[PDB]
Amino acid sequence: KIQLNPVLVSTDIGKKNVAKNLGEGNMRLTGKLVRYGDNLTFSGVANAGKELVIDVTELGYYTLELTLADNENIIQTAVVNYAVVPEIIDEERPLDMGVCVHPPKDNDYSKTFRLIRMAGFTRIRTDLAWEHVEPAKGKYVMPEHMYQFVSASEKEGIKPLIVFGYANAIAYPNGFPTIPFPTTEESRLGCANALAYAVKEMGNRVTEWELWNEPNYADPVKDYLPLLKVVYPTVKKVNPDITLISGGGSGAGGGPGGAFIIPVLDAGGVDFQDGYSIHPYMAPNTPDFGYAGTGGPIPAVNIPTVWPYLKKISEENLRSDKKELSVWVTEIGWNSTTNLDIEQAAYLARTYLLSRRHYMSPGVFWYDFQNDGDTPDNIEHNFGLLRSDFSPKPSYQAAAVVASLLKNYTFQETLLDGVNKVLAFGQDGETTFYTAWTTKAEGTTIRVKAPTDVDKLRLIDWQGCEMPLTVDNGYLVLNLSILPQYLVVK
């Protein structure tokens, strides 16, 4: 047998314990780590019973080719991926990077959250069923998976966000006459007190609570706002410090044109939330240009249009106490069924780079962390950063690298816009890095005038791999791809 390391991700360069030889006698286990793009290869050998360790001198997303053999008789082979990612300091992780996390299949929360940590995320989103919290009318319980999620988040320094909902027909069988959403006075009260119990129990271990996941069936004004008017005061009395989040990514296209919030504001409902959420899926299109929507306040549904548009709405339609409603991007993602793996990676990095550029949301949550299954032509089984066997996809590498560069730097300047992008980010007025990419699939070359001195610049690609600079008479010659590259200062 060939025993793979359960963790196929490792921070920094160095010795990587990828696998173990479980053979006998003269069976040698050879391993090759081959980097994406340029095929930088690292080799190692392990005899029967020994650990296979390979010296990795550069960062990258690697293909791991394993071969067990006696002399010239190939007994067993294996192929997986291995992500050698940059190490990120705890306090320097992006506070706006989140990821949607379903329960692990192997029930190993520490392993999954170690993998979430090395991707650079500081937030996670997961479900909580009303059904599971209130199994009978008026009687409450906190499910085991909730304690597992929250404690595992605290060990890795992650703020969990919890989406509460789905219909509890067992407790309140008369509560859902028209739709799977509480429309009776009794069931609204039951929902409010059920969430209020959950908020009390967790306290400030969970400061972000999202009311219902994608209530498209529920009308904003006639169905949702009545429920919200009971839930908001019931929950905030129990814990004033939380952010109660409405919408649940409901409305046309998941709400990027304001399909949930605008009806609620026009009906005088602004005070009954601390914020709302959107699910602005643009797949399979780029986050740069997105798609032409039917909801007509905005030219196209993309990050550069949607982010400033919803910022304006929140700025111009304040609460009674003049607090601004926060906008939470509780799901956004692309899948490997309708995009290439490398497109998914490129669009992940571009989402967070463009999100920070037009900074407005305190939490942009990638859907989702792990592939929900193995079926290639099922889109819902291919949104992951990891595969079902915990093997990292290229999007994992892109997340770790983009997290390590972004940190909590604020947007400085647009050097170039349109088909090609060159953007500057930084700290307290000084630029710390530049990012550059092209929307053109085939790639392009551009010449950017050296904004800092050449000896004060390092060029990093999407992967963490360092490249030399090409200087043509005071201009940096950049070979742009869909995958962003980065020019770091000092």
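Sequential numbering from 1, following the sequence displayed.
Legend entry - Mean C-alpha B-factor comparison - 238-246 and 366-374, higher one: The stretch with the larger mean CA B-factor is 238-246.
Inset, instruction - Name the higher of the two by mean Cα B-factor in the PDB entry, 454-462 versus 24-32. - result: Looking at the recorded C-alpha B-factors, 24-32 comes out higher on average.
Legend entry - Selection by C-alpha B-factor (highest) of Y396, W209, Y140, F390: The C-alpha B-factor peaks, among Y396, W209, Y140, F390, at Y140.
Legend entry - Deposited CA B-factor, highest of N408, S187, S361, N420: So the option with the highest C-alpha B-factor is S187.
Legend entry - Modelled-residue ranking by C-alpha temperature factor, third containing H132: Its C-alpha B-factor, which the entry lists for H132, ranks in the highest third among residues of this chain.
Inset, instruction - Comparing against every modelled residue in the chain, figure out the third that the C-alpha B-factor of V18 lands in (lowest, middle or highest). - result: Within its chain, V18 is a highest-third residue by C-alpha B-factor, going by the deposited values.
Legend entry - Cα B factor band for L4 (lowest, middle or highest third within the chain): Tercile = highest for this residue's CA B-factor.
Inset, instruction - Sort the modelled residues of this chain by their C-alpha B factor and say whether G44 lands in the lowest, middle or highest third. - result: Tercile = highest for this residue's CA B-factor.
Inset, instruction - Taking the chain's C-alpha temperature factors as the reference, tell me which third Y197 falls into: lowest, middle or highest. - result: According to the entry, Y197 has a C-alpha B-factor in the chain's highest third.
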